[PDB]
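S.K.: Protein chains in written order, with the UniProt record's numbering: chain Z, 50 to 92; chain W, 89 to 119, 140 to 430; chain P, 87 to 244; chain B, 63 to 238; chain C, 61 to 272, 289 to 296; chain D, 2 to 102; chain Y, 31 to 392, 398 to 422; chain U, 15 to 106, 113 to 137.
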Amino acid sequence: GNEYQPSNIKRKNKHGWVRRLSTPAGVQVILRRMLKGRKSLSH
Amino acid sequence: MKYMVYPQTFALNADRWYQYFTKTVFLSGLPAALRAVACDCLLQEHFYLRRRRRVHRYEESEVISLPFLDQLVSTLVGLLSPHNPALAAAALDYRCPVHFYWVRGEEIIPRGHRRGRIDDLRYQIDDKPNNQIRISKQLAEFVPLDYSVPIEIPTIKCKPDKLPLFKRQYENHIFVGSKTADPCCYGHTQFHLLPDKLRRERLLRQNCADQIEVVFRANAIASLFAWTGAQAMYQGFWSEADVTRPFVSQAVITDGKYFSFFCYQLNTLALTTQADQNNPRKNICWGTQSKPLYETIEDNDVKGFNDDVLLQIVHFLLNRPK
Amino acid sequence: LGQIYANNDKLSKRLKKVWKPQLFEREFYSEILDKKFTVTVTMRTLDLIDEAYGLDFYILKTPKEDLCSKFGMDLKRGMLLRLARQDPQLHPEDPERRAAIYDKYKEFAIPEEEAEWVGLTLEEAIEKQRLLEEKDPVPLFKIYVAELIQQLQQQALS
Amino acid sequence: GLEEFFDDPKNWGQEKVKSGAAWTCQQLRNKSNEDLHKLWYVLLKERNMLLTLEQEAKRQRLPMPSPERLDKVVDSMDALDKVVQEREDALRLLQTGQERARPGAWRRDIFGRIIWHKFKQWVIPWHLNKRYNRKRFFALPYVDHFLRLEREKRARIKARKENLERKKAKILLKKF
Amino acid sequence: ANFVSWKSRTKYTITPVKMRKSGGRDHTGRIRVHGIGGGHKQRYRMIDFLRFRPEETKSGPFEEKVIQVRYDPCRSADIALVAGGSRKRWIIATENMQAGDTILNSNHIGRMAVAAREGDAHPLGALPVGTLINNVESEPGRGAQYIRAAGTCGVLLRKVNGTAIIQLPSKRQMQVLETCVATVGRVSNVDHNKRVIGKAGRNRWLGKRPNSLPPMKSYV
Amino acid sequence: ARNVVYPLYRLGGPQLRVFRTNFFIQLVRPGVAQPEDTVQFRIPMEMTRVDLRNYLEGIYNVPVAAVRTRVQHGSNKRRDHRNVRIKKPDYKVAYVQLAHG
Amino acid sequence: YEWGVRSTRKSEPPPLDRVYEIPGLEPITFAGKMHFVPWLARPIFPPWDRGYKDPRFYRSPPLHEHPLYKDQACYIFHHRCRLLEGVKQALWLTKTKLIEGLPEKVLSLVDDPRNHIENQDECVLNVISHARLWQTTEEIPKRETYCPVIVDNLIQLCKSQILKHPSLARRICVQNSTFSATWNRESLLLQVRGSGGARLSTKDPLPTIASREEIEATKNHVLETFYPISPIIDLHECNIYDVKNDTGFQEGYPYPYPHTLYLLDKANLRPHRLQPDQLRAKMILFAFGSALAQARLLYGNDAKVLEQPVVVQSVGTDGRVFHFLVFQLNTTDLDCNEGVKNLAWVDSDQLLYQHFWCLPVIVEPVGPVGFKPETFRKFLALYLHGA
Amino acid sequence: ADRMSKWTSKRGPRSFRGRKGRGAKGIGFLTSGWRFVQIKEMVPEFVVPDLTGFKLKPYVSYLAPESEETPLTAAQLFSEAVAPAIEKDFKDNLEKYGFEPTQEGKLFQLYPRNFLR
RNA sequence: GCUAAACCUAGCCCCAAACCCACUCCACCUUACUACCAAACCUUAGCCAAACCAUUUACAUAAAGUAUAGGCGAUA
RNA sequence: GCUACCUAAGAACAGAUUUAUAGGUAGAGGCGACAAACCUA
RNA sequence: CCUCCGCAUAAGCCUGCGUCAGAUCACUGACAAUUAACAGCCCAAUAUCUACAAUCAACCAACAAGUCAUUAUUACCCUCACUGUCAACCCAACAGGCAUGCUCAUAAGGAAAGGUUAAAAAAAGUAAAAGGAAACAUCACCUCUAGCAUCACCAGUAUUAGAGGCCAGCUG
Ligand SMILES: [Mg+2]
Ligand SMILES: [Mg+2]
Ligand SMILES: [Mg+2]
Ligand SMILES: [Mg+2]
Ligand SMILES: [Mg+2]
Ligand SMILES: [Mg+2]
Ligand SMILES: [Mg+2]
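#1: Relative to the C-alpha of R428 (chain W), which residue among W:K245, W:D290 and W:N327 is closest?
#2: Taking 6 Å as the limit between beta carbons, can you name the residues of its chain near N249 (chain C), skipping five residues before and five after?
#3: Thinking just about the alpha-carbon of each residue, which of W:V251, W:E214, W:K287 and W:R389 is nearest to the one in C204 (chain W)?
#4: Taking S207 (chain Y) as the query, report the chain W residues whose CB atoms sit under 7 Å from its CB, ordered along the chain.
#5: My output table needs one value for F318 (chain Y): the three-state DSSP class, helix, strand or coil.
#6: Pop quiz: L163 (chain Y) and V401 (chain Y) are said to be a contact at Cβ under 8 Å. What is the actual Cβ separation, rounded to whole angstroms?
#7: Ignore the nearest five residues each way along the sequence and tell me which others in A232 (chain P)'s own chain have a CB closer than 6 Å to its CB.
#8: If you draw a straight line from the C-alpha of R133 (chain U) to the C-alpha of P8 (chain D), how long is it?
#9: Please determine, among C:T70, C:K118, C:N62 and C:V64, the residue with the shortest C-alpha to C-alpha distance to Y31 (chain Y).
#10: For my contact list, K125 (chain C) and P258 (chain Y) are in at a C-beta cut-off of 8 Å; report their separation, rounded to the angstrom.
#11: Whose Cβ in chain B lies nearer than 7 Å to the Cβ of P107 (chain P)?
#12: For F98 (chain W) and chain D, any beta-carbon pair shorter than 9 Å?
#13: Is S272 (chain C) helix, strand or coil when you go by DSSP?
#14: Using CA atoms only, rank isn't needed, just tell me which of D:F42, D:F20, D:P36 and D:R21 is closest to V29 (chain D).
#15: State yes or no: is the C-beta of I241 (chain W) within less than 9 Å of the C-beta of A199 (chain W)?
#16: For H177 (chain P), which of helix, strand or coil comes out of DSSP?
#17: For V67 (chain Y), which residues in chain B fall below 9 Å Cβ to Cβ?
#18: Is the separation between the beta-carbon of residue 395 (chain Y) and that of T277 (chain Y) shorter than 9 Å?
#19: Going by the C-beta, is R71 (chain D) closer than 8 Å to any heavy atom of ligand 1?
#20: Rounded to whole angstroms, what is the Cα-Cα separation between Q237 (chain P) and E199 (chain P)?
#21: In three-state DSSP terms, what is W105 (chain P)?
#22: Using the Cα positions of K116 (chain U) and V96 (chain U), report the straight-line distance between them to the nearest angstrom.
#23: Among W:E260, W:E214, W:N238 and W:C293, which residue has its Cα nearest to the Cα of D227 (chain W)?
#24: Is the beta carbon of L141 (chain C) less than 9 Å from the beta carbon of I163 (chain C)?
#25: When DSSP builds the beta bridges, which residues end up paired with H353 (chain Y)?
#26: Can you tell me which residues form a DSSP beta bridge with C268 (chain Y)?
#27: Between the beta-carbon of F114 (chain P) and the beta-carbon of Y191 (chain P), is there less than 9 Å?
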């Protein structure tokens, strides 16, 4: 089960706020997290 | 992993600490055409040589003062070869590394899985003198071996990491400037120059104007102990087979303009706690205050040219083995 | 964008079709703006230009909704501001030609306060109105000086 | 010297120190700007004194001698700073008429909402600022649905609160 | 995807250029060509296929000297560093081209033929018909697109007014203008065909993975 | 000062001057053995080494010679009753070596 | 065939909004806003220039507003220039005749056994073994580490003979000294900008080597001109230059006269070093350059045939192959192809050892192999010249 | 793998940890060889007065009275600051009285600020 | 007799009425929460019903489930 | 962030090698020394 | 008595066997710590230069063809800030994995046994009489397609590119 092999560069580059806002679909991801009410909208 | 003792050091009062690390007594004092050639080198580097790229103030002691000191040593080893034939066959290393690795004291590990265990605290000095002179034979000692001197070595009251002294692990080197197969293992004289950080203009701007001369003194003790001590390792001595004869070398260190002179007489490689029990013996570092070689340099020539500073350079370069 | 039944009977596959018009880079000469434009145009637009007797009439006659181009509406605002100002910049040093062109299209005279707002989208009109009523605010020194000289002139008349 | 981080050495361990009041604002509106400058440094050094005394109080596991005068000194620094900002603001209204010391503009980010954007200082103008032009101060049309969804979440929270206030009022009339 | 092609230097340079393998992938990161990738690294020597170019403030024919006949990783033929006047350039080598050889890049179409040497470049009006040529243009000023691989050659078959007809090594004849420059001789590195790869290691080292008559054409 | 926009300096411009200092300071006792001339402070996060030198020089007339700072991570490992992490706040520590012996 | 594909080029801006074509109306742009808006028009911004001056964002004027943009191109020779035709090109640019082998005037300085350091094989063996093996903490020292240390230690061995000759107390070796010299050669101006290590200055000039019979005998010599190579290949064509003659020094300098140029090739890579023919060409241009600047400092900018000709010698190296050069500059009228010519004596490929073994092989011990001390005899002949 | 924790400077790889800092302000800039040049003018000078003979202690005695809060509006500051000069020069160019239209020539500009605090 | 049991009141739901929010200071599209340098729109598809499926298949009152449409069938 | 292939710039002990780091390819897809295998159990 | 482990850096983690106190095979609260020289964090334009692998680089020996460079003019004078620095640690499992430098049995790190008895069965180890087994890829080859340039193939050009096919001995 050691599928998660961590690094912070891949974590921010994969799922961070900048990559989320780079596309329209990712902006909709942020907006759904903001509408569900969540504390962390991204990494 | 070991403490990483820098000789040319920014640390306040690092001299008293290095006398602890080193087991040294610092005693203050000491145990014609040369003026023409010296002023030729001074005016050569400040005035006569045309610079292509403009010499900024940070760039100065890399560009201006370093070949000045190189030219002084190469010309004085030139002219003083008849007066001292040991310099005719002596190697002259420019910017050549000197490392020494020793163990001094014990530390019980304060945290971690190794806690409460005796771990002796290692040290290494990696140094580059500007240029050093190494003779195949050894200078006679200044003071006798096991010379008593009533002044006492400092005792620091805290961990050496409270001086800004940091630990790394890397290759433990004991090195005199050349490998052990070289015939010129012993060392004559060593010329340093303090870097751009340790200018006395900054040390006056910051309020540590007291530590100015301390900077010179620290570069005395860490460099020369790392040199004489390394010489003692190339002759087979180490911390349990302590030196049977004192090893001696000698250093003029400078700011480019102010000079100070130092003598060092290593008597003990027995620095560990196993080997400092029956050890009355100690290493002795003789030293002077800093004195300016010139005063100012205008357009054409020098003004306020001191001559006793050249005489102490020459008297360092003029002693001999037997 | 629609759909067809495959061979014109409803008992075959409903499969989708896009009918695109036939485009032609042609070139026109607006006499009011006095400029040759290279415009992509269709055959029906060329026919409506012929039925309007000119691109100036085709643009000044067609309704904004019917014309359905932002560029044709900007041509309409350009022509209407040229007619609303009686501009000497149409043909400088030829006033008879200016008055003949301006009297040919006398039918579409609109005031200048209305001819600026012709064909603006709602966000672009929000911008134009934003730049009209933007002002550096009045430093309250001047307002308080005006009130105080008002009060000392009420005391002067006492 | 460093003895200005500590109070009078007679007070050490006395567990109660008679301190006066705080400065209120109207006492400070009578002081000149040079005098509020100097009083700022008086209160500043006193605040560093009391903060060393707190941290040594937590260090020695003991309670503070009098924790109230820390509240008084923060009270006075707050009142003094508010007075100085009042005079800066009134002079700003006279000389320029602005209300914010720092410029900004009402903008509208990717997320559709209207935000007061506080301007930053730059050297180059905005059209050739490479990083400024990666920010989007426009919302595309796929956001207006989420604007409507957010609008209705706020309207639900408001309706719940108002109704719940009326239910509490009915319980008060049944109880009294 | 972040595909920026390495094919990006603007000025001609004699030096090798660090080039980036594509892996068979598009600009979109999907495999368009299967079986490419993972070779030894190569640097790219920029070849000047416009063989006759007069240099700056010069014109007419000009001689050039071969400094070194060099292996090139990017292609099958080997190449020649060739310097004339104030400029060195990499050209493609003919079969007998030594270091020190002198080669005339000519432009003047003579009245008679030119009994050219083995490696020089002439317009096709200036050649004896029935000679082997290589590095053939397609327009005057196009640059030499064809008859370019190792050991290849094509024979100038016949010429009409302002027109020459070539036989490519696939024996398809080509109608080009008269004043297009082609180099004479056959391309170097012969017996590149006669070779045994021997093991699949050399197949992998060249950047190769495992995997899963027509009418005489004119340009006038 | 802290939580204040600094004005931008352009080359040839005036000296940046702070007239009312926003950030406080507290000198703590060293938790370990330290040399006799080292005074340990808790600088607030935004205060640099140079600001601390001029801060003690101007306000307190302390002859400061060296300043060395370390940022201390306070623990985010203690939880509520709600199983939600409380963070003890991070703080910067100044180690000040005083001049003139 | 043009270079650089379109996908790497600067992408063209999209064509302007058609509002900019209508002559009557002002467009409504997002410049009133201070950000991009896709439903307004893209404004056209005036070419902004920073009014004040900042050094880290300086944008220098284009290459006409520079106050010395001479239209006539000067070909410059700096130390990095790797020439094409080797020695022949520097002989042409220098206008000189080559003579293989050093003269007897220089080699006769070490004819007697009295001009010898004691145990010169042991000392030069220790210089080779020190720099090439014993020098640093690394197991083998790289070439950038040892090559200036070989040259520097050989100069210290030759400097140890102040005991036998007092005159060597009148010579210093300076470093980071940059001379410059411009001369005309047939059609286009040339310049050498000399920036190499260890110019060994003396107070005294060197006494000349060639008699007037040999200098006069250079007239019947012809320079071997060459072709297709225009003989300015691999120099640096510079338009933005300044004609200037620099000895490297301010005037009134003790030790003013160049003696030996110790120029070396300490690059770790085989392509990054000068090939030895190009090394020799670099020595001919540097000794010609410093001698030429000495002639312009003593005689003005007069194209003439010198009566006290200047002699400047140079030693160039890779680290084990030594190349010796004595240059005899006797004319400054360079632009003609006739008259007296300069003359130079070379030593090519004078390796002082075949190879060095920094680790024992298993057979051959640690140390050099192929040591031949006649090359240090040539080195020490050049150091003792003028003493 | 944490999202709730704040992204601080202690947290990335070496390239991440070096870039992000705390709230400190830049004092100079980096140059070649990574050599930081410190600019003297960007460092704040603490303009600190002389406290000698100064009669204001940090607290107020409890014997002082209570007063009413009257915040300084611009009407008040105009009244006392400007109004006697206008009453005097009206019974007998608004820049005479302490008004400046622009302040681009001014050192301490009020909008936008150039002073600190 | 341990474990446990019990407990009312947080709040919520459905209406009505009414058109909401949003700059203490600072930071926040770069690796969000980091003082500062050269481009938007382009048919929803299918599930399911037709006992399969293939055209098709819902998204005030009253006229009126009327006219109509529809493998004239499911249905609309 | 596994895995498959690729790329960039590396490293290690002898390659059709092993490997760290960062990037690319995405489900009508990808990728495959093709097992219709694998593509976060 | 083990030690195939260690110690550092990397990545990761983020205060996780520091002191004081307390509750609990026999974590909570308070306080304190990690100090920069190492390492991150760099670079003024505009032109123009960069043919000669590495392998002890010397011969030799090669092919798969290679990891390293400036100059010209202009501008340029202040200077040592910011951040990382702890631990018994990470990813998993409820076995395993992990890059690099040194040490190659250790100067460093640790403990296989809670106590007893000595049943069966099971696992592992040792001893045993006499006997001694009772398809794909791919060099190479063939076929077909393709006469050509600025995002693959390819900065390649038919010697090219692409697609196919192929006995004796010992031993529980
Ligand atoms: Mg730090
Ligand atoms: Mg159905
Ligand atoms: Mg550093
Ligand atoms: Mg550590
Ligand atoms: Mg142990
Ligand atoms: Mg048991
Ligand atoms: Mg048996």
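Backbone N, C-alpha and C fix where the C-beta goes; we use that ideal spot for every residue, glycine too.
M.R.: Result, derived from the coordinates:
#1: For the purposes of this step, residue 428 (chain W) is taken as the residue at position 320 of the second sequence. When each option's Cα is compared against that of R428 (chain W), the closest is W:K245.
#2: Here residue 249 (chain C) refers to the residue found at position 189 of the fifth sequence. Around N249 (chain C): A137, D138 and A210.
#3: In the second sequence, counting from the first residue as 1, residue 204 (chain W) sits at position 96. Answer by Cα proximity: W:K287.
#4: Walking along the seventh sequence from the start, residue 207 (chain Y) turns up at place 177. Correct list: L157.
#5: If you number the seventh sequence from 1, residue 318 (chain Y) lands on position 288. Correct three-state label for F318 (chain Y): helix.
#6: As a position in the seventh sequence, residue 163 (chain Y) is number 133, starting the count at 1. As a position in the seventh sequence, residue 401 (chain Y) is number 366, starting the count at 1. With 8 Å as the limit, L163 (chain Y) and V401 (chain Y) qualify as a contact, their Cβ atoms being about 7 Å apart.
#7: Mapped onto the third sequence, residue 232 (chain P) falls at position 146. There are no such residues.
#8: Against the eighth sequence, residue 133 (chain U) aligns to sequence position 113. Against the sixth sequence, residue 8 (chain D) aligns to sequence position 7. Cα to Cα, the separation comes out at about 7 Å.
#9: In the seventh sequence, counting from the first residue as 1, residue 31 (chain Y) sits at position 1. That would be C:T70, whose Cα lies nearest to the Cα of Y31 (chain Y).
#10: Start at 1 with the first residue of the fifth sequence, and residue 125 (chain C) comes out as number 65. Start at 1 with the first residue of the seventh sequence, and residue 258 (chain Y) comes out as number 228. The Cβ separation is near 5 Å, so the contact holds.
#11: As a working note, residue 107 (chain P) is residue 21 in the third sequence. Simply none; closest approach about 26 Å.
#12: For the purposes of this step, residue 98 (chain W) is taken as the residue at position 10 of the second sequence. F98 (chain W) counts as touching chain D.
#13: Reading the fifth sequence from its first residue, position 212 is the one you call residue 272 (chain C). Coil, per DSSP.
#14: Here residue 29 (chain D) refers to the residue found at position 28 when the sixth sequence is read from its first residue. The candidate whose alpha carbon is nearest that of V29 (chain D) is D:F42.
#15: Walking along the second sequence from the start, residue 241 (chain W) turns up at place 133. Walking along the second sequence from the start, residue 199 (chain W) turns up at place 91. Cβ atoms of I241 (chain W) and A199 (chain W): closer than 9 Å.
#16: By one-based count along the third sequence, residue 177 (chain P) stands at place 91. Coil, per DSSP.
#17: On the seventh sequence, position 37 is the one that residue 67 (chain Y) refers to. The answer, in chain order, is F199 and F200.
#18: Between 392 and 398, chain Y has no modelled residues, which means residue 395 (chain Y) does not appear in the coordinates.
#19: Sequence index remark: in the sixth sequence, residue 71 (chain D) carries index 70 (1-based). Result yes, Cβ under 8 Å from ligand 1.
#20: Reading the third sequence from its first residue, position 151 is the one you call residue 237 (chain P). Reading the third sequence from its first residue, position 113 is the one you call residue 199 (chain P). If you take the alpha carbons of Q237 (chain P) and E199 (chain P), they lie about 39 Å apart.
#21: By 1-based counting over the third sequence, the position of residue 105 (chain P) is 19. Residue state, collapsed to three classes: coil.
#22: The residue given as residue 116 (chain U) occupies position 96 in the eighth sequence. The residue given as residue 96 (chain U) occupies position 82 in the eighth sequence. Using only the alpha carbons, I get a separation of about 10 Å.
#23: For the purposes of this step, residue 227 (chain W) is taken as the residue at position 119 of the second sequence. For the residues W:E260, W:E214, W:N238 and W:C293, the minimum Cα distance to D227 (chain W) belongs to W:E214.
#24: Sequence index remark: in the fifth sequence, residue 141 (chain C) carries index 81 (1-based). Sequence index remark: in the fifth sequence, residue 163 (chain C) carries index 103 (1-based). No, the pair does not count as a contact, with Cβ atoms beyond the cut-off.
#25: As a working note, residue 353 (chain Y) is residue 323 in the seventh sequence. The partner list for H353 (chain Y) (beta bridge, DSSP) reads Y:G346.
#26: Taking the seventh sequence and counting its residues from 1, the one referred to as residue 268 (chain Y) is at position 238. Y:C104.
#27: One-based indexing of the third sequence puts residue 114 (chain P) at position 28. One-based indexing of the third sequence puts residue 191 (chain P) at position 105. Not in contact: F114 (chain P) and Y191 (chain P) (Cβ atoms no closer than 9 Å).
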